[PDB]
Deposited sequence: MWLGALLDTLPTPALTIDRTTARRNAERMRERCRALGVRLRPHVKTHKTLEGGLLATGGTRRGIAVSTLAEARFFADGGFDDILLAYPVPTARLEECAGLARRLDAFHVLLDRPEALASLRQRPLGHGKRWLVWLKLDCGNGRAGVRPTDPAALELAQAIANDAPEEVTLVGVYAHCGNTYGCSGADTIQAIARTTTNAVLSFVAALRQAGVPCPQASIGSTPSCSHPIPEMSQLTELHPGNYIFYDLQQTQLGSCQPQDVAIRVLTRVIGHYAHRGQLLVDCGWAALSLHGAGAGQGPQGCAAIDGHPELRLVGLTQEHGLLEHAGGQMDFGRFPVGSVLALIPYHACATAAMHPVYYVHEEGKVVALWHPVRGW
């Protein structure tokens, strides 16, 4: 157990989180939402921890989005409620989903397929509880396209065809395309295509008589630079912004000072004959995100001089012509990982710190 310990005292490789940075990230996104006049429903998948959920949620333990039934149950058991399973409701695990809707005052599910609604129907919840259903709009991975006449009919059906077993809480979209383009202006344009498509859809819905109280979008990039139009929605659901990473920095969503996550690693040997540092962080600790080369999986914090040139399971190789006196064996470098969500998924524990001292240990759930 490590409360109090100095950072460069931990066993490496080690996922570290700056709690100052994390808190500041959480509170910032909360304020952006207050300013817009919308609810924040953070997504917990970047961290999958109760503590994380607490920060994002501002201390309330209400209003989150999860990516799996394992997260759903984990947070449910930790006392969270108003939990949205942001994922095409899994018709093969409805007993579990129904279990959760029965325990919780508000467990939400998403669908984008009529047969999904059918499945829900033949598994009524009872107890005067209704499937709280959101319609996923693909404005292009999953969901119905808002211009497809079929989207309209499905929304219709969810909302009205069986008002005592199923209800339409709102429409749900994730502008995850912001992940394939560079700089604020493109990010914002995707934010705009997405906001207006959703607003058009809700407009059509009102015109046709389909009640639809809520309207949800957001990714870390588009909620890092919200556009005025977003205030006409009811809620934003980013998640990763609580940690950020190199990718987000390269995207422009955030300045380096915003990135709360590192993976600490040790120089465990020099190789002059190849001009390389050897570090005790391989891909088991980092993931191969940012290669598709290895140079892009992470940067060395405060050392633009060095880059990653190789990763094995438990080893990494670093290059400069080098300077092995500057990096004695036993020294700790702090790696900035490319994709927070991915690195985090490799760690059974996060060392959370303030002022260089470990202040807490968060343990993520995992699995399905």
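Review point. Since the structure holds only modelled residues, which stretches of the deposited sequence does it leave out?
Key: Residues lacking C-alpha coordinates: 140 to 141, 295 to 297, 326 to 328.
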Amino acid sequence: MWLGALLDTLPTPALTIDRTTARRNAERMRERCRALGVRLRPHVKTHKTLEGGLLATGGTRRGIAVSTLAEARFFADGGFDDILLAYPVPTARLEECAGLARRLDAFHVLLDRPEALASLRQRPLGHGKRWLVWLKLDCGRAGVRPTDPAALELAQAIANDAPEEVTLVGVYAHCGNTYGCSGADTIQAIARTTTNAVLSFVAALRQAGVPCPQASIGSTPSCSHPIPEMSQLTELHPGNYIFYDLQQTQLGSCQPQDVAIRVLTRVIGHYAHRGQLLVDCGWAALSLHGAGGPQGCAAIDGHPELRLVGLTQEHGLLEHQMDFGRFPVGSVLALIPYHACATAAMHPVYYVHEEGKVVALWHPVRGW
From here on, numbers count along this sequence of modelled residues.
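Point to revise | Check: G180 without coordinates in a third or more of other entries | key: Yes, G180 lacks coordinates in at least a third of the other entries compared.
Review point. For the C-alpha atoms alone, is the average B factor greater in 88 to 96 or in 72 to 80, going by the entry?
Key: Averaged over C-alpha atoms, the B-factors run higher in 88 to 96.
Check your understanding: Would 20 to 28 or 342 to 350 have the larger average of its C-alpha temperature factors, as given in the entry?
Key -> Taking the mean B-factor of the alpha carbons in each, 20 to 28 is higher.
Review point. If you compare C223, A162, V169, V259, which has the highest Cα B-factor in the entry?
Key: Within the set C223, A162, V169, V259, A162 shows the top C-alpha B-factor.
Check your understanding: If you check the C-alpha B-factor for each of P211, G218, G282, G126 in the entry, which is highest?
Key -> It is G126.
**Study point:** Chain-wide C-alpha B factor ranking for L236, given as lowest, middle or highest third
**Key:** Its C-alpha B-factor, which the entry lists for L236, ranks in the lowest third among residues of this chain.
Point to revise | Relative C-alpha B-factor of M322, binned into the chain's lowest, middle or highest third | key: As the PDB entry reports it, the C-alpha B-factor of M322 lands in the highest third of its chain.
Review point. According to the PDB entry, is the CA B factor of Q313 in the bottom, middle or top third of its chain, that is, lowest, middle or highest?
Key: Answer is highest: the recorded C-alpha B-factor places it there.
Practice item. Quick one: classify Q247 as lowest, middle or highest third of the chain based on its Cα B-factor. Key: Lowest third - that is where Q247 ends up once the chain's C-alpha B-factors are sorted.
Exercise for review: Sorting the chain's modelled residues by C-alpha B-factor, tell me whether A334 ends up in the lowest, middle or highest third.
Suggested key: Middle third by C-alpha B-factor.
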